[PDB]
file upload.pdb (PDB, C-alpha atoms)
ATOM      1  CA  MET A 337      10.286   4.104  33.493
ATOM      2  CA  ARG A 338      12.175   7.137  34.850
ATOM      3  CA  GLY A 339      10.715   9.867  37.088
ATOM      4  CA  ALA A 340      11.003  12.274  34.164
ATOM      5  CA  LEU A 341       9.103   9.984  31.717
ATOM      6  CA  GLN A 342       7.338  12.170  29.172
ATOM      7  CA  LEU A 343       3.614  11.938  28.738
ATOM      8  CA  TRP A 344       4.196  11.234  25.044
ATOM      9  CA  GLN A 345       6.373   8.223  25.911
ATOM     10  CA  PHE A 346       3.781   6.910  28.363
ATOM     11  CA  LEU A 347       1.076   7.272  25.721
ATOM     12  CA  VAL A 348       3.203   5.367  23.196
ATOM     13  CA  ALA A 349       3.728   2.578  25.752
ATOM     14  CA  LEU A 350      -0.056   2.330  26.151
ATOM     15  CA  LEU A 351      -0.664   2.536  22.407
ATOM     16  CA  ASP A 352       1.864  -0.160  21.565
ATOM     17  CA  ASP A 353      -0.163  -2.750  23.483
ATOM     18  CA  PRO A 354      -3.399  -3.605  21.646
ATOM     19  CA  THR A 355      -4.895  -4.981  24.874
ATOM     20  CA  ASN A 356      -5.318  -1.312  25.884
ATOM     21  CA  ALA A 357      -7.485  -0.500  22.877
ATOM     22  CA  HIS A 358     -10.614  -0.138  25.024
ATOM     23  CA  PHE A 359      -9.211   3.149  26.370
ATOM     24  CA  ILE A 360      -6.519   4.287  23.889
ATOM     25  CA  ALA A 361      -5.660   3.103  20.376
ATOM     26  CA  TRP A 362      -3.823   3.807  17.181
ATOM     27  CA  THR A 363      -6.656   4.542  14.740
ATOM     28  CA  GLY A 364      -4.958   2.991  11.711
ATOM     29  CA  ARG A 365      -4.575   6.316   9.891
ATOM     30  CA  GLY A 366      -0.805   6.873   9.941
ATOM     31  CA  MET A 367       0.351   8.106  13.370
ATOM     32  CA  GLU A 368      -3.144   9.065  14.538
ATOM     33  CA  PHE A 369      -4.422   7.903  17.924
ATOM     34  CA  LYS A 370      -7.632   8.271  19.885
ATOM     35  CA  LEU A 371      -8.241   8.584  23.601
ATOM     36  CA  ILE A 372     -11.309   6.374  23.780
ATOM     37  CA  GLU A 373     -11.572   6.792  27.589
ATOM     38  CA  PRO A 374      -9.714  10.047  28.288
ATOM     39  CA  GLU A 375     -10.201   9.943  32.057
ATOM     40  CA  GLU A 376      -8.903   6.359  32.171
ATOM     41  CA  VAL A 377      -5.747   7.392  30.321
ATOM     42  CA  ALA A 378      -5.361  10.211  32.842
ATOM     43  CA  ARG A 379      -5.936   7.863  35.794
ATOM     44  CA  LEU A 380      -3.185   5.570  34.520
ATOM     45  CA  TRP A 381      -0.827   8.536  34.007
ATOM     46  CA  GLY A 382      -1.548   9.549  37.608
ATOM     47  CA  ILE A 383      -0.586   6.081  38.784
ATOM     48  CA  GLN A 384       2.626   6.209  36.750
ATOM     49  CA  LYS A 385       3.611   9.589  38.198
ATOM     50  CA  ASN A 386       2.179   9.033  41.724
ATOM     51  CA  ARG A 387      -0.178  11.970  41.192
ATOM     52  CA  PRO A 388      -3.562  10.651  42.367
ATOM     53  CA  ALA A 389      -5.344  13.932  41.562
ATOM     54  CA  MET A 390      -4.466  13.569  37.868
ATOM     55  CA  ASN A 391      -7.321  14.037  35.416
ATOM     56  CA  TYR A 392      -7.830  14.615  31.703
ATOM     57  CA  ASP A 393      -8.044  18.404  32.094
ATOM     58  CA  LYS A 394      -4.457  18.291  33.357
ATOM     59  CA  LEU A 395      -3.202  15.670  30.898
ATOM     60  CA  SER A 396      -4.712  17.586  27.988
ATOM     61  CA  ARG A 397      -2.563  20.666  28.826
ATOM     62  CA  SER A 398       0.446  18.559  27.871
ATOM     63  CA  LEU A 399      -1.186  17.380  24.659
ATOM     64  CA  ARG A 400      -1.685  21.058  23.837
ATOM     65  CA  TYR A 401       1.923  21.908  24.684
ATOM     66  CA  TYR A 402       2.977  19.138  22.288
ATOM     67  CA  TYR A 403       0.726  20.234  19.431
ATOM     68  CA  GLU A 404       1.569  23.924  19.845
ATOM     69  CA  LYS A 405       5.197  22.893  19.430
ATOM     70  CA  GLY A 406       4.487  20.756  16.375
ATOM     71  CA  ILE A 407       5.431  17.459  18.027
ATOM     72  CA  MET A 408       1.813  16.335  17.785
ATOM     73  CA  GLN A 409      -1.137  17.669  15.836
ATOM     74  CA  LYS A 410      -4.718  17.797  17.052
ATOM     75  CA  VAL A 411      -7.070  16.370  14.462
ATOM     76  CA  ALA A 412      -9.648  18.972  13.426
ATOM     77  CA  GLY A 413     -13.363  18.291  13.860
ATOM     78  CA  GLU A 414     -12.595  15.350  16.118
ATOM     79  CA  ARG A 415     -12.693  14.928  19.835
ATOM     80  CA  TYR A 416      -9.805  13.235  21.544
ATOM     81  CA  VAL A 417      -7.882  12.448  18.324
ATOM     82  CA  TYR A 418      -4.222  13.431  17.917
ATOM     83  CA  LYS A 419      -1.281  12.417  15.764
ATOM     84  CA  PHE A 420       2.464  12.261  16.073
ATOM     85  CA  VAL A 421       4.292  14.419  13.555
ATOM     86  CA  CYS A 422       6.581  12.654  11.074
ATOM     87  CA  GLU A 423       9.233  15.297  10.473
ATOM     88  CA  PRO A 424      12.988  15.856  10.969
ATOM     89  CA  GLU A 425      12.614  18.624  13.554
ATOM     90  CA  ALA A 426       9.939  16.846  15.598
ATOM     91  CA  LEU A 427      12.126  13.728  15.707
ATOM     92  CA  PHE A 428      14.885  15.692  17.456
ATOM     93  CA  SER A 429      12.451  16.606  20.222
ATOM     94  CA  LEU A 430      11.448  12.944  20.565
ATOM     95  CA  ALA A 431      15.091  11.806  20.553
ATOM     96  CA  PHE A 432      15.859  13.859  23.568
ATOM     97  CA  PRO A 433      12.887  13.502  25.907
ATOM     98  CA  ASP A 434      15.245  14.787  28.610
TER      99      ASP A 434
ATOM    100  CA  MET B 337      24.090  12.788  26.727
ATOM    101  CA  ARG B 338      23.988   9.538  28.735
ATOM    102  CA  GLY B 339      26.509   6.678  28.497
ATOM    103  CA  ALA B 340      23.804   4.566  26.869
ATOM    104  CA  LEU B 341      22.974   7.188  24.173
ATOM    105  CA  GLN B 342      21.747   5.367  21.082
ATOM    106  CA  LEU B 343      23.494   5.840  17.790
ATOM    107  CA  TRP B 344      20.155   6.881  16.291
ATOM    108  CA  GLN B 345      19.808   9.669  18.872
ATOM    109  CA  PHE B 346      23.359  10.865  18.226
ATOM    110  CA  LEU B 347      22.678  10.916  14.490
ATOM    111  CA  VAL B 348      19.500  12.949  15.035
ATOM    112  CA  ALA B 349      21.465  15.434  17.168
ATOM    113  CA  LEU B 350      23.933  15.843  14.291
ATOM    114  CA  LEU B 351      21.173  16.047  11.690
ATOM    115  CA  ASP B 352      19.202  18.676  13.581
ATOM    116  CA  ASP B 353      22.062  21.164  13.233
ATOM    117  CA  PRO B 354      22.408  22.371   9.628
ATOM    118  CA  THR B 355      25.988  23.493  10.323
ATOM    119  CA  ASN B 356      26.863  19.770  10.165
ATOM    120  CA  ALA B 357      25.554  19.381   6.625
ATOM    121  CA  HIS B 358      29.065  18.972   5.198
ATOM    122  CA  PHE B 359      29.212  15.497   6.771
ATOM    123  CA  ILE B 360      25.591  14.472   7.502
ATOM    124  CA  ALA B 361      22.271  15.956   6.381
ATOM    125  CA  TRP B 362      18.564  15.480   6.052
ATOM    126  CA  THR B 363      18.101  15.147   2.284
ATOM    127  CA  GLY B 364      14.729  16.902   2.161
ATOM    128  CA  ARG B 365      12.834  13.762   1.131
ATOM    129  CA  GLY B 366      10.728  13.002   4.216
ATOM    130  CA  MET B 367      12.843  11.369   6.950
ATOM    131  CA  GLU B 368      15.720  10.486   4.616
ATOM    132  CA  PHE B 369      19.295  11.368   5.558
ATOM    133  CA  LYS B 370      22.698  10.976   3.960
ATOM    134  CA  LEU B 371      26.091  10.324   5.489
ATOM    135  CA  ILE B 372      28.080  12.665   3.277
ATOM    136  CA  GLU B 373      31.350  11.880   5.132
ATOM    137  CA  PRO B 374      30.710   8.477   6.727
ATOM    138  CA  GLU B 375      34.101   8.227   8.428
ATOM    139  CA  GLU B 376      33.658  11.707   9.924
ATOM    140  CA  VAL B 377      30.302  10.698  11.398
ATOM    141  CA  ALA B 378      32.016   7.623  12.833
ATOM    142  CA  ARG B 379      34.901   9.689  14.233
ATOM    143  CA  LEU B 380      32.427  11.949  16.028
ATOM    144  CA  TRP B 381      30.520   8.927  17.391
ATOM    145  CA  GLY B 382      33.844   7.597  18.693
ATOM    146  CA  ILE B 383      34.460  10.873  20.490
ATOM    147  CA  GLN B 384      30.969  10.779  21.999
ATOM    148  CA  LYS B 385      31.431   7.222  23.276
ATOM    149  CA  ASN B 386      35.177   7.496  24.107
ATOM    150  CA  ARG B 387      35.904   4.758  21.571
ATOM    151  CA  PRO B 388      38.845   6.131  19.562
ATOM    152  CA  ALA B 389      39.007   3.047  17.313
ATOM    153  CA  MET B 390      35.483   3.733  16.024
ATOM    154  CA  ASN B 391      35.037   3.667  12.258
ATOM    155  CA  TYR B 392      32.226   3.494   9.718
ATOM    156  CA  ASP B 393      32.467  -0.298   9.377
ATOM    157  CA  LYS B 394      31.501  -0.505  13.051
ATOM    158  CA  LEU B 395      28.906   2.280  12.986
ATOM    159  CA  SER B 396      27.249   0.750   9.931
ATOM    160  CA  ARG B 397      26.570  -2.509  11.860
ATOM    161  CA  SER B 398      24.203  -0.480  14.026
ATOM    162  CA  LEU B 399      22.531   1.101  11.015
ATOM    163  CA  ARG B 400      21.936  -2.443   9.775
ATOM    164  CA  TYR B 401      20.564  -3.566  13.139
ATOM    165  CA  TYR B 402      18.141  -0.628  12.957
ATOM    166  CA  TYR B 403      16.989  -1.309   9.403
ATOM    167  CA  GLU B 404      16.660  -5.063   9.957
ATOM    168  CA  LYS B 405      14.334  -4.191  12.825
ATOM    169  CA  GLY B 406      12.325  -1.721  10.759
ATOM    170  CA  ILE B 407      13.335   1.337  12.787
ATOM    171  CA  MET B 408      15.228   2.672   9.779
ATOM    172  CA  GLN B 409      15.204   1.701   6.127
ATOM    173  CA  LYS B 410      18.213   1.642   3.833
ATOM    174  CA  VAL B 411      17.472   3.447   0.597
ATOM    175  CA  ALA B 412      17.925   1.104  -2.369
ATOM    176  CA  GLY B 413      20.407   1.935  -5.126
ATOM    177  CA  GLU B 414      21.997   4.589  -2.942
ATOM    178  CA  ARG B 415      25.143   4.639  -0.918
ATOM    179  CA  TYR B 416      25.023   5.994   2.586
ATOM    180  CA  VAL B 417      21.326   6.998   2.466
ATOM    181  CA  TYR B 418      18.881   5.866   5.162
ATOM    182  CA  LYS B 419      15.506   6.933   6.497
ATOM    183  CA  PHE B 420      13.666   6.856   9.776
ATOM    184  CA  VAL B 421      10.446   4.868   9.670
ATOM    185  CA  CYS B 422       7.205   6.749  10.360
ATOM    186  CA  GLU B 423       5.078   4.043  11.950
ATOM    187  CA  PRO B 424       3.348   3.236  15.269
ATOM    188  CA  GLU B 425       5.545   0.246  16.116
ATOM    189  CA  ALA B 426       8.830   1.950  15.222
ATOM    190  CA  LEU B 427       7.858   4.920  17.402
ATOM    191  CA  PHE B 428       7.648   2.645  20.453
ATOM    192  CA  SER B 429      11.249   1.589  19.887
ATOM    193  CA  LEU B 430      12.292   5.246  19.619
ATOM    194  CA  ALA B 431      10.296   6.182  22.734
ATOM    195  CA  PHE B 432      12.244   3.799  24.836
ATOM    196  CA  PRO B 433      15.864   4.077  23.716
ATOM    197  CA  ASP B 434      16.702   2.401  27.035
TER     198      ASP B 434
END

call {"tool": "encode", "arguments": {"input": "upload.pdb", "output": "structure tokens"}}
result
Amino acid sequence: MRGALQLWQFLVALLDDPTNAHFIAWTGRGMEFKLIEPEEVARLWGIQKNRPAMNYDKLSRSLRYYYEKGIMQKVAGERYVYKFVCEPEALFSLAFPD
Amino acid sequence: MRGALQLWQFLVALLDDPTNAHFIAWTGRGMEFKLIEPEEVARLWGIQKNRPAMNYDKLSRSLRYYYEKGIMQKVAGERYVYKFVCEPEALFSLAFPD
């Protein structure tokens, strides 16, 4: 994975592997996913990026950048639940993560 | 765009720009798109890849590889109409076009 790997790509790599479901999982509702252990997801992102001071406060800023741009949505009334947006315009952003 | 740009990424770049709608367009039904001028799409792909003998016969092999793998679907009873699949597993394939 490249130095400029997107958080969203890293999350999808984690989500694709059901052996990770103890800390992050597709919920089964469409493109919805849950961060079951948010600080563990952040720790793993820190390892990926060689940023040992990574934490969920930091990681969550990027989730918010994604949902403000309509690439993800934050699921209302839930904690730590997000979804990928299924839409022509969002797909362009995904197609060109660089 | 990198030497290893995927056809699907190239198509999304074309589709994102509505000034291309005379040869390729999102149809408005979800993630469905139509190749209005299939040989023009192929000509442009040939330019992108410096493959001047490109044509739609060749390009369409890749569309078929994508739909056989469940990354796209071919729309039944239609000519030149495809859709991107909105699904956890397909998204992993999109996330890692390399």

call {"tool": "closest_atom_pairs", "arguments": {"input": "upload.pdb", "of": "chain A", "to": "chain B", "cutoff": "9 Å", "atoms": "all atoms listed in the file", "output": "Markdown table"}}
result
| residue | atom | partner | partner_atom | distance |
| --- | --- | --- | --- | --- |
| A:337 | CA | B:432 | CA | 8.9 |
| A:344 | CA | B:431 | CA | 8.3 |
| A:345 | CA | B:431 | CA | 5.4 |
| A:346 | CA | B:431 | CA | 8.6 |
| A:348 | CA | B:428 | CA | 5.9 |
| A:349 | CA | B:428 | CA | 6.6 |
| A:351 | CA | B:424 | CA | 8.2 |
| A:352 | CA | B:428 | CA | 6.5 |
| A:362 | CA | B:424 | CA | 7.4 |
| A:366 | CA | B:423 | CA | 6.8 |
| A:367 | CA | B:424 | CA | 6.0 |
| A:368 | CA | B:424 | CA | 8.8 |
| A:421 | CA | B:422 | CA | 8.8 |
| A:422 | CA | B:422 | CA | 6.0 |
| A:423 | CA | B:367 | CA | 6.4 |
| A:424 | CA | B:367 | CA | 6.0 |
| A:425 | CA | B:352 | CA | 6.6 |
| A:427 | CA | B:348 | CA | 7.4 |
| A:428 | CA | B:348 | CA | 5.9 |
| A:430 | CA | B:431 | CA | 7.2 |
| A:431 | CA | B:345 | CA | 5.4 |
| A:432 | CA | B:345 | CA | 7.4 |
| A:433 | CA | B:431 | CA | 8.4 |

call {"tool": "resolve_selection", "arguments": {"input": "upload.pdb", "expression": "the PyMOL selection byres ((chain B and resi 358) around 12)", "output": "PDB file with C-alpha atoms, in the coordinates of the input"}}
result
ATOM      1  CA  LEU B 350      23.933  15.843  14.291  1.00  0.00           C
ATOM      2  CA  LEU B 351      21.173  16.047  11.690  1.00  0.00           C
ATOM      3  CA  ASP B 353      22.062  21.164  13.233  1.00  0.00           C
ATOM      4  CA  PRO B 354      22.408  22.371   9.628  1.00  0.00           C
ATOM      5  CA  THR B 355      25.988  23.493  10.323  1.00  0.00           C
ATOM      6  CA  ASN B 356      26.863  19.770  10.165  1.00  0.00           C
ATOM      7  CA  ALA B 357      25.554  19.381   6.625  1.00  0.00           C
ATOM      8  CA  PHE B 359      29.212  15.497   6.771  1.00  0.00           C
ATOM      9  CA  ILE B 360      25.591  14.472   7.502  1.00  0.00           C
ATOM     10  CA  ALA B 361      22.271  15.956   6.381  1.00  0.00           C
ATOM     11  CA  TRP B 362      18.564  15.480   6.052  1.00  0.00           C
ATOM     12  CA  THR B 363      18.101  15.147   2.284  1.00  0.00           C
ATOM     13  CA  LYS B 370      22.698  10.976   3.960  1.00  0.00           C
ATOM     14  CA  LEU B 371      26.091  10.324   5.489  1.00  0.00           C
ATOM     15  CA  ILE B 372      28.080  12.665   3.277  1.00  0.00           C
ATOM     16  CA  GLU B 373      31.350  11.880   5.132  1.00  0.00           C
ATOM     17  CA  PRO B 374      30.710   8.477   6.727  1.00  0.00           C
ATOM     18  CA  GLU B 376      33.658  11.707   9.924  1.00  0.00           C
ATOM     19  CA  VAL B 377      30.302  10.698  11.398  1.00  0.00           C
TER      20      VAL B 377
END

call {"tool": "calpha_fit_and_write", "arguments": {"input": "upload.pdb", "fixed": "chain B", "moving": "chain A", "output": "mmCIF file with C-alpha atoms, in the coordinates of the input"}}
result
data_model
loop_
_atom_site.group_PDB
_atom_site.id
_atom_site.type_symbol
_atom_site.label_atom_id
_atom_site.label_comp_id
_atom_site.auth_asym_id
_atom_site.auth_seq_id
_atom_site.Cartn_x
_atom_site.Cartn_y
_atom_site.Cartn_z
ATOM 1 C CA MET A 337 24.090 12.788 26.727
ATOM 2 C CA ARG A 338 23.987 9.537 28.735
ATOM 3 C CA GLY A 339 26.509 6.678 28.497
ATOM 4 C CA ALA A 340 23.805 4.566 26.869
ATOM 5 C CA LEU A 341 22.974 7.189 24.172
ATOM 6 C CA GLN A 342 21.748 5.367 21.082
ATOM 7 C CA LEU A 343 23.494 5.841 17.790
ATOM 8 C CA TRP A 344 20.155 6.881 16.290
ATOM 9 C CA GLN A 345 19.808 9.669 18.872
ATOM 10 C CA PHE A 346 23.359 10.865 18.226
ATOM 11 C CA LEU A 347 22.678 10.916 14.489
ATOM 12 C CA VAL A 348 19.500 12.949 15.035
ATOM 13 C CA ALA A 349 21.465 15.434 17.169
ATOM 14 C CA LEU A 350 23.933 15.843 14.291
ATOM 15 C CA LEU A 351 21.172 16.048 11.690
ATOM 16 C CA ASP A 352 19.201 18.676 13.581
ATOM 17 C CA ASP A 353 22.062 21.164 13.233
ATOM 18 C CA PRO A 354 22.409 22.371 9.628
ATOM 19 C CA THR A 355 25.988 23.493 10.323
ATOM 20 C CA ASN A 356 26.863 19.769 10.165
ATOM 21 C CA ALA A 357 25.554 19.381 6.625
ATOM 22 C CA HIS A 358 29.065 18.973 5.197
ATOM 23 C CA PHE A 359 29.212 15.497 6.772
ATOM 24 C CA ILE A 360 25.591 14.472 7.502
ATOM 25 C CA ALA A 361 22.272 15.956 6.380
ATOM 26 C CA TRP A 362 18.564 15.480 6.052
ATOM 27 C CA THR A 363 18.101 15.147 2.284
ATOM 28 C CA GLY A 364 14.729 16.902 2.160
ATOM 29 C CA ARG A 365 12.834 13.762 1.131
ATOM 30 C CA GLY A 366 10.728 13.002 4.215
ATOM 31 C CA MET A 367 12.844 11.370 6.949
ATOM 32 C CA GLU A 368 15.720 10.486 4.616
ATOM 33 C CA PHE A 369 19.295 11.368 5.558
ATOM 34 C CA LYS A 370 22.698 10.977 3.959
ATOM 35 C CA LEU A 371 26.091 10.324 5.488
ATOM 36 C CA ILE A 372 28.080 12.666 3.277
ATOM 37 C CA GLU A 373 31.350 11.881 5.133
ATOM 38 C CA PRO A 374 30.710 8.477 6.727
ATOM 39 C CA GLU A 375 34.101 8.227 8.428
ATOM 40 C CA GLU A 376 33.657 11.707 9.924
ATOM 41 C CA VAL A 377 30.302 10.698 11.398
ATOM 42 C CA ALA A 378 32.016 7.623 12.833
ATOM 43 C CA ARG A 379 34.901 9.689 14.233
ATOM 44 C CA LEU A 380 32.427 11.948 16.028
ATOM 45 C CA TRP A 381 30.520 8.927 17.391
ATOM 46 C CA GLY A 382 33.844 7.597 18.693
ATOM 47 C CA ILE A 383 34.460 10.872 20.490
ATOM 48 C CA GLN A 384 30.969 10.778 21.999
ATOM 49 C CA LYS A 385 31.431 7.222 23.276
ATOM 50 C CA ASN A 386 35.176 7.496 24.107
ATOM 51 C CA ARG A 387 35.904 4.758 21.570
ATOM 52 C CA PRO A 388 38.845 6.131 19.562
ATOM 53 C CA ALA A 389 39.006 3.047 17.313
ATOM 54 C CA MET A 390 35.483 3.733 16.024
ATOM 55 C CA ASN A 391 35.037 3.668 12.258
ATOM 56 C CA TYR A 392 32.227 3.494 9.718
ATOM 57 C CA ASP A 393 32.467 -0.298 9.377
ATOM 58 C CA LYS A 394 31.501 -0.504 13.051
ATOM 59 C CA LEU A 395 28.906 2.280 12.986
ATOM 60 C CA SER A 396 27.249 0.750 9.931
ATOM 61 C CA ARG A 397 26.569 -2.509 11.860
ATOM 62 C CA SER A 398 24.203 -0.480 14.026
ATOM 63 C CA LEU A 399 22.531 1.102 11.014
ATOM 64 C CA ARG A 400 21.936 -2.443 9.776
ATOM 65 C CA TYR A 401 20.564 -3.566 13.139
ATOM 66 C CA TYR A 402 18.141 -0.629 12.958
ATOM 67 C CA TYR A 403 16.989 -1.310 9.403
ATOM 68 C CA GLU A 404 16.660 -5.062 9.957
ATOM 69 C CA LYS A 405 14.334 -4.190 12.826
ATOM 70 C CA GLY A 406 12.325 -1.721 10.759
ATOM 71 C CA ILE A 407 13.335 1.337 12.787
ATOM 72 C CA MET A 408 15.227 2.672 9.779
ATOM 73 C CA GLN A 409 15.204 1.700 6.127
ATOM 74 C CA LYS A 410 18.213 1.642 3.833
ATOM 75 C CA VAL A 411 17.472 3.446 0.597
ATOM 76 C CA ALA A 412 17.926 1.104 -2.369
ATOM 77 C CA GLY A 413 20.407 1.935 -5.126
ATOM 78 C CA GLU A 414 21.997 4.588 -2.942
ATOM 79 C CA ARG A 415 25.143 4.639 -0.917
ATOM 80 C CA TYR A 416 25.023 5.994 2.586
ATOM 81 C CA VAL A 417 21.326 6.997 2.466
ATOM 82 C CA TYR A 418 18.882 5.866 5.162
ATOM 83 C CA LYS A 419 15.506 6.933 6.497
ATOM 84 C CA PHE A 420 13.666 6.857 9.776
ATOM 85 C CA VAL A 421 10.445 4.869 9.670
ATOM 86 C CA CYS A 422 7.205 6.750 10.360
ATOM 87 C CA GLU A 423 5.078 4.043 11.950
ATOM 88 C CA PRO A 424 3.349 3.236 15.269
ATOM 89 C CA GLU A 425 5.545 0.246 16.117
ATOM 90 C CA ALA A 426 8.830 1.950 15.222
ATOM 91 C CA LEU A 427 7.858 4.920 17.402
ATOM 92 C CA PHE A 428 7.647 2.645 20.453
ATOM 93 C CA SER A 429 11.249 1.588 19.887
ATOM 94 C CA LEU A 430 12.292 5.246 19.619
ATOM 95 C CA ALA A 431 10.296 6.183 22.734
ATOM 96 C CA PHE A 432 12.244 3.798 24.835
ATOM 97 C CA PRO A 433 15.864 4.076 23.716
ATOM 98 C CA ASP A 434 16.702 2.401 27.034
#

call {"tool": "atom_distance", "arguments": {"input": "upload.pdb", "atom1": "atom CA of residue A:399", "atom2": "atom CA of residue A:411"}}
result
11.8 Å

call {"tool": "residues_around", "arguments": {"input": "upload.pdb", "residues": "stretch 386-392 of chain B", "least_positions_apart": "2", "cutoff": "10 Å", "atoms": "all atoms listed in the file", "output": "compact mmCIF listing (two decimals) with C-alpha atoms, in the coordinates of the input"}}
result
# COMPACT_ATOMS: atom_id res chain seq x y z
CA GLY B 339 26.51 6.68 28.50
CA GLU B 373 31.35 11.88 5.13
CA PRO B 374 30.71 8.48 6.73
CA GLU B 375 34.10 8.23 8.43
CA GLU B 376 33.66 11.71 9.92
CA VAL B 377 30.30 10.70 11.40
CA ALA B 378 32.02 7.62 12.83
CA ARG B 379 34.90 9.69 14.23
CA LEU B 380 32.43 11.95 16.03
CA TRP B 381 30.52 8.93 17.39
CA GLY B 382 33.84 7.60 18.69
CA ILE B 383 34.46 10.87 20.49
CA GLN B 384 30.97 10.78 22.00
CA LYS B 394 31.50 -0.50 13.05
CA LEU B 395 28.91 2.28 12.99
CA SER B 396 27.25 0.75 9.93
CA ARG B 397 26.57 -2.51 11.86
CA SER B 398 24.20 -0.48 14.03

call {"tool": "atom_distance", "arguments": {"input": "upload.pdb", "atom1": "atom CA of residue A:406", "atom2": "atom CA of residue B:407"}}
result
21.6 Å

call {"tool": "atom_distance", "arguments": {"input": "upload.pdb", "atom1": "atom CA of residue B:415", "atom2": "atom CA of residue B:340"}}
result
27.8 Å

call {"tool": "decode", "arguments": {"input": "upload.pdb", "residues": "stretch 353-401 of chain A", "atoms": "C-alpha atoms", "output": "PDB file, in the first residue's frame"}}
result
ATOM      1  CA  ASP A 353     -11.488  -9.441   5.939  1.00  0.00           C
ATOM      2  CA  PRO A 354     -14.100 -10.933   8.288  1.00  0.00           C
ATOM      3  CA  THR A 355     -11.350 -11.986  10.714  1.00  0.00           C
ATOM      4  CA  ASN A 356     -11.207  -8.285  11.682  1.00  0.00           C
ATOM      5  CA  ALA A 357     -14.852  -8.187  12.731  1.00  0.00           C
ATOM      6  CA  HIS A 358     -13.951  -7.885  16.423  1.00  0.00           C
ATOM      7  CA  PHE A 359     -12.830  -4.293  15.772  1.00  0.00           C
ATOM      8  CA  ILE A 360     -14.452  -3.223  12.468  1.00  0.00           C
ATOM      9  CA  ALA A 361     -17.218  -4.801  10.384  1.00  0.00           C
ATOM     10  CA  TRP A 362     -19.705  -4.363   7.610  1.00  0.00           C
ATOM     11  CA  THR A 363     -23.029  -4.335   9.472  1.00  0.00           C
ATOM     12  CA  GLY A 364     -25.006  -6.104   6.746  1.00  0.00           C
ATOM     13  CA  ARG A 365     -27.163  -3.062   5.967  1.00  0.00           C
ATOM     14  CA  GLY A 366     -25.979  -2.062   2.484  1.00  0.00           C
ATOM     15  CA  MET A 367     -22.640  -0.209   2.653  1.00  0.00           C
ATOM     16  CA  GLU A 368     -22.874   0.491   6.389  1.00  0.00           C
ATOM     17  CA  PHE A 369     -19.944  -0.302   8.677  1.00  0.00           C
ATOM     18  CA  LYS A 370     -19.243  -0.031  12.381  1.00  0.00           C
ATOM     19  CA  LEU A 371     -16.051   0.751  14.246  1.00  0.00           C
ATOM     20  CA  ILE A 372     -16.497  -1.756  17.048  1.00  0.00           C
ATOM     21  CA  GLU A 373     -13.124  -0.815  18.627  1.00  0.00           C
ATOM     22  CA  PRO A 374     -12.447   2.704  17.325  1.00  0.00           C
ATOM     23  CA  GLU A 375      -9.092   3.099  19.069  1.00  0.00           C
ATOM     24  CA  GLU A 376      -7.921  -0.250  17.671  1.00  0.00           C
ATOM     25  CA  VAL A 377      -8.787   0.866  14.141  1.00  0.00           C
ATOM     26  CA  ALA A 378      -6.825   4.050  14.818  1.00  0.00           C
ATOM     27  CA  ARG A 379      -3.855   2.112  16.225  1.00  0.00           C
ATOM     28  CA  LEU A 380      -3.726  -0.003  13.069  1.00  0.00           C
ATOM     29  CA  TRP A 381      -3.959   3.114  10.865  1.00  0.00           C
ATOM     30  CA  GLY A 382      -1.036   4.554  12.838  1.00  0.00           C
ATOM     31  CA  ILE A 383       0.991   1.435  12.127  1.00  0.00           C
ATOM     32  CA  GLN A 384       0.134   1.641   8.427  1.00  0.00           C
ATOM     33  CA  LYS A 385       1.196   5.290   8.208  1.00  0.00           C
ATOM     34  CA  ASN A 386       4.097   5.094  10.726  1.00  0.00           C
ATOM     35  CA  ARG A 387       2.307   7.620  12.933  1.00  0.00           C
ATOM     36  CA  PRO A 388       2.522   6.098  16.427  1.00  0.00           C
ATOM     37  CA  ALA A 389       0.606   8.991  18.023  1.00  0.00           C
ATOM     38  CA  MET A 390      -2.469   8.194  15.910  1.00  0.00           C
ATOM     39  CA  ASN A 391      -5.764   7.955  17.773  1.00  0.00           C
ATOM     40  CA  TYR A 392      -9.478   7.915  17.011  1.00  0.00           C
ATOM     41  CA  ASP A 393      -9.862  11.668  17.579  1.00  0.00           C
ATOM     42  CA  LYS A 394      -7.494  12.168  14.644  1.00  0.00           C
ATOM     43  CA  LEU A 395      -8.896   9.380  12.463  1.00  0.00           C
ATOM     44  CA  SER A 396     -12.433  10.654  12.997  1.00  0.00           C
ATOM     45  CA  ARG A 397     -11.501  14.056  11.460  1.00  0.00           C
ATOM     46  CA  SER A 398     -11.024  12.203   8.182  1.00  0.00           C
ATOM     47  CA  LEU A 399     -14.328  10.379   8.537  1.00  0.00           C
ATOM     48  CA  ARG A 400     -15.911  13.810   8.949  1.00  0.00           C
ATOM     49  CA  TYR A 401     -14.094  15.197   5.910  1.00  0.00           C
TER      50      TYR A 401
END
